[PDB]
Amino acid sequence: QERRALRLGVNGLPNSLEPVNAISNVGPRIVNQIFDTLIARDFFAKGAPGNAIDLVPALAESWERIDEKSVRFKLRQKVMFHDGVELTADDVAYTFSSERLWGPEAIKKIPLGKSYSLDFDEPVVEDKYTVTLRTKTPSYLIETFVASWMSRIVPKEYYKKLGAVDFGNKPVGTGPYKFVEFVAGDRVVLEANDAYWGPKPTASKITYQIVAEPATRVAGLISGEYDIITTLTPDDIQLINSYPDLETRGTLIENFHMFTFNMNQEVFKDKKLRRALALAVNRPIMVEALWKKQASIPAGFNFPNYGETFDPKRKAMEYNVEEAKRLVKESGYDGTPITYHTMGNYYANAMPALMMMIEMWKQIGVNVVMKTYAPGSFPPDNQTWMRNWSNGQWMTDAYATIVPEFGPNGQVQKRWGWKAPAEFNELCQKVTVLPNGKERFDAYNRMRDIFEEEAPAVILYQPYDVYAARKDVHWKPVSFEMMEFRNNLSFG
């Protein structure tokens, strides 16, 4: 009869379906279905196992870089939003506007819009199907930005009429799946958009059902309640793979798990204790015990997806228990227990990783205690000391995420109080405008050195993202924190 409905058991849900505000480990797998971008990354180009870097036309049928500051897009014609309104350059201009995204006025609507954006100038609408995106200063990052999760295309009139909050609860996009319902902290339901411009949706419906406990998620797959489950650990591989009708599907993703600090707190204003905690983390033993060797430990804030700004000659991050003990003493730390906030196992292995780290920190003379918090119940900033986090490396360049998250205009310095050395912020400003070359390459290596010296966050590893699925549900994971169903979902 009708197509099969897809049932997903997920680790968590975003609090909003507004595509920029949905940026997280849990939002993109949903908003990738509701929306489209001008340029799309094709993870399966030339038979790649879901990790190809190839950029292909999407809402823009073609594009041309004009100069060091601008890129002109030719829009695909007769593309319709879910409410029937035709996609125009007006919708694109609005998506990348000062008003909605990067200007001072957008900070209330999209709190991280300005900090995550390029140094944009107002878009230029040439005609109904022609729009130029430009920057005030040189930027060779326009293309990678436009293909990213910052750039899902929103409908101007409908978005303006509802406002960013109401739009977030009733999204309208051009994507293969349209909005049905959103029960905050419970479920999101989408249905097939059969008016879709690209590959027709193969599922009649998609339900993202929150299953916070991974053991309950695994039981749900074994019982036949879910078709695909997310955010498992390599420790679940043996059991699931013992069921002949189920299997695990995993891949290393372009993201790093970390722990970070509220540097507005007295104990973390200075770098000494941040550094002591960083120097005591035995990453290889965590990777062996919890990840069955599947996770990858980077040589600093440095990843292969950065391409020309990836440094393959970089030394491993320091591990020095004896130096850590000496820093604990010099910091003046008195033995008072320091809290570490985690949203249960929102991050695969969050609590087992923390338990191991608590033990490593006991050995250097620092008492760390776990504090759990329910989905969407993140405690006030001044109630937090240490906390876990992750960063999706969302550009084919080193700019992201060191500059958008840890730069002078970023939330780590502004909200979380990192007093970054003046040199670090000078380098951030330089890498933003410089073209690729020796000067830019060396500036990112100096920024990586300062990042390790300062420890505003401590990089753990790139997780091996593990899903489990029914063998009769054909779907391949991609090397990013999202799920792709276009030409990548079939049943039987």
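Take the two forms, superpose them, and find the largest set of C-alpha atoms that agree within 1.5 Å; that set is the rigid core. Don't overthink the numbering: it's just position in the shown sequence, from 1.
Novice: Comparing 428-436 with 54-62, which has C-alphas lying farther from the shown form in 9 other deposited structures of this protein once the core is aligned?
Specialist: It is 428-436 whose C-alphas lie farther from the shown form in 9 other deposited structures of this protein.
Novice: Which stretch is more displaced from the shown form in 9 other deposited structures of this protein, 89-97 or 259-267, with RMS over structures and residues of Cα positions after a rigid core fit?
Specialist: Result of the core-fitted comparison in 9 other deposited structures of this protein: 259-267 deviates more.
Novice: Comparing 264-272 with 91-99, which has the greater mean CA B-factor as deposited?
Specialist: According to the PDB entry, the answer is 264-272.
Novice: Going by the B-factors listed in the PDB entry, is the mean over the C-alpha atoms higher for 158-166 or for 131-139?
Specialist: Higher mean C-alpha B-factor: 158-166.
Novice: Out of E254, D119, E330, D397, which residue has the highest Cα temperature factor in the PDB record?
Specialist: Spelled out: the listed residue with the top C-alpha B-factor is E330.
Novice: Have a look at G300, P304, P375, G407 and flag the one whose Cα has the highest B-factor in the entry.
Specialist: Among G300, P304, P375, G407, the PDB entry lists the largest C-alpha B-factor for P375.
Novice: In terms of the chain's CA B-factor thirds, is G437 lowest, middle or highest?
Specialist: CA B-factor rank for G437: middle third.
Novice: Per the entry's values, where does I66 land by CA temperature factor relative to the rest of its chain, in the lowest, middle or highest third?
Specialist: According to the entry, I66 has a C-alpha B-factor in the chain's middle third.
Novice: Would you check the entry's CA temperature factor for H82 and let me know if it's in the chain's lowest, middle or highest third?
Specialist: It falls in the top third of the chain.
Novice: Looking at the C-alpha B-factor of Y347, is it in the lowest, middle or highest third of its chain?
Specialist: Bottom third by C-alpha B-factor.
Novice: Pull the Cα B-factor of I153 out of the PDB entry and bin it into the chain's lowest, middle or highest third.
Specialist: It falls in the bottom third of the chain.
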